């Protein structure tokens, strides 16, 4: 049941990871992060893809990304993270909150997500998707993560480095100008890579 859900989610992420280059549009290119995006099939919005080299091993990187206190500590956007329920096969239900963005044009969000860590080729996939969850907290807008995840695999040249590929499909909900949404996604992805590299 949970295992079927998790396998479907994993297979969705693997499908994302095989989308060819011509379907993506470059959204942002820094010195060590590239960001693409395409229309989402899940909502009137974007599926984002991000890619960058991390100077660390795969298990270390995913240990920091996966739900838990380590993720909360280094991820500057995350302000709380609770594990709500644990399952077999490295699956759990977690809830996290984000700091306000853009001088609170984007007020704090809350997400309740399923999360699954699974081997992928020579590395790992940590993927997730929001679930329905009734407990409403009025000081947080309930955002919604469509299927999303982080692929992390050893690098071609140097296996002590890793290629980190993210797929991000967040609906912030509420009412936010499109320019702010695009700005906040770009800063979320660039700060993710920046904060993560500083923590390793």
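Numbering follows the first chain given and starts at 1.
> Which is higher on mean Cα B factor in this entry, 130 to 138 or 40 to 48?
Going by the record's values, the stretch with the higher mean is 130 to 138.
> When the C-alpha temperature factors are averaged for each of 15 to 23 and 181 to 189, which stretch ends up with the higher value in the entry?
The stretch with the larger average C-alpha B-factor is 15 to 23.
> Could you say which of 165, 145, 30, 60 has its CA atom at the highest B factor, as listed in the PDB entry?
When the deposited C-alpha B-factors of 165, 145, 30, 60 are compared, 30 is largest.
> Going by the entry, which third of its chain does the Cα temperature factor of residue 71 land in?
Its C-alpha B-factor, which the entry lists for residue 71, ranks in the lowest third among residues of this chain.
> Using the B-factors in the PDB entry, rank residue 158's C-alpha atom against the chain and give the third, lowest, middle or highest.
Highest third.
> Please rank the C-alpha B-factors of the chain's modelled residues and tell me whether residue 80 sits in the lowest, middle or highest third.
As the PDB entry reports it, the C-alpha B-factor of residue 80 lands in the middle third of its chain.
> Sorting the chain's modelled residues by C-alpha B-factor, tell me whether residue 120 ends up in the lowest, middle or highest third.
Residue 120: CA B-factor falls in the middle third of its chain.
> Looking at the temperature factor on the CA atom of residue 35, which third of the chain's modelled residues does it land in?
According to the entry, residue 35 has a C-alpha B-factor in the chain's middle third.
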